[PDB]
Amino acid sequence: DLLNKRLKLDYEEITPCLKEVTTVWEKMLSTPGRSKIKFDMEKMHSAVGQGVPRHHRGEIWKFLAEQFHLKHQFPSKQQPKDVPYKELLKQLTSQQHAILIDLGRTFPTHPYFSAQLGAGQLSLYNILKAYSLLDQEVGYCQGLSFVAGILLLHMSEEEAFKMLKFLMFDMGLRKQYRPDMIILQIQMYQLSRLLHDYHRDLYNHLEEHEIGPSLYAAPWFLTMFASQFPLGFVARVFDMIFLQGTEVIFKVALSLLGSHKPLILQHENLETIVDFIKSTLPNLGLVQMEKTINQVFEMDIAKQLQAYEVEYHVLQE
């Protein structure tokens, strides 16, 4: 019952948010008719940057989504339909097997998900089942359980489904999850170009050993870092995603790669380089995570990403 929130929110923070900013959030959250009011971008940006209290993370994300709605029309051709959560769950989904195989690997040591087909896992299962029936083109795609999982850890089951719909449709995250993997391939290309333009030396080193992003970045995009990084770090990455968009993933990837460049440069073969990026890099210390979040947060690469996309299509022909 309210122990569920306790059960769910039991994870180490990178930097505990202090007294004062908890104060500022409560005021924005308590605003009457909140969803219809546009808040000033800079206050929010300062708010997110100064800390997101764990006890309010979920409501904050929903608040940030309301703000996203107000700033982005987000049109009437690609909507998603409104068969309620409870109604979708009456049906059977063809994605049952795919959901189950990932379910067992989703935050397996977290007390809320440790019990096989326990309350936590069932709620997650149902969210994914519903989503697969809503978005049958995507159905269930590997890694999605971590995303739905992180949402579930900060709000109710049905609230998590709604936010998942919002993140996937309104924020466009669903694109990378389509079965053809085309958008995922373009994202791999974009990260590579990002490395070329911002850390040429790292780029040259990776190219020399033929290490394309697909050898290590797939989990970063598809699980949004949730499958390999600490929960506290991933939760801050999500704070930023809801405020600044899914492109934050690229920012975090670039920041991490750039940050560990000196170490990656010391490895001389595909086996050692990939192993470092896959297994060692995720073992970041508290200060490192702190620096990463702050750097990523002020990073601006939207125009470059856009350009790399056009570039991809020109080279395809």
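One rule holds for the numbers: they count along the sequence shown, beginning at 1.
Visitor: Out of 131-139 and 70-78, which one has CA B-factors that are higher on average in the deposited record?
Guide: In the deposited entry, the stretch with the higher C-alpha B-factor mean is 70-78.
Visitor: On average, which has the higher Cα B-factor in the deposited entry, 227-235 or 82-90?
Guide: Between 227-235 and 82-90, it is 82-90.
Visitor: In terms of recorded Cα temperature factor, pick the maximum from 28, 252, 64, 281.
Guide: 28 has the highest C-alpha B-factor of those listed.
Visitor: Comparing residue 199 with the other modelled residues of its chain, is its CA B-factor in the lowest, middle or highest third?
Guide: CA B-factor rank for residue 199: middle third.
Visitor: Using the B-factors in the PDB entry, rank residue 158's C-alpha atom against the chain and give the third, lowest, middle or highest.
Guide: According to the entry, residue 158 has a C-alpha B-factor in the chain's middle third.
Visitor: What third of its chain's C-alpha B-factors does residue 210 belong to: lowest, middle or highest?
Guide: As the PDB entry reports it, the C-alpha B-factor of residue 210 lands in the highest third of its chain.
Visitor: Going by what the PDB entry lists, where does residue 248 fall on CA B-factor within its chain: lowest, middle or highest third?
Guide: Ranked within chain, residue 248 CA B lands in the lowest tercile.
Visitor: Hey, what third does residue 170 fall into on Cα B-factor, ranked over its chain?
Guide: Answer is middle: the recorded C-alpha B-factor places it there.
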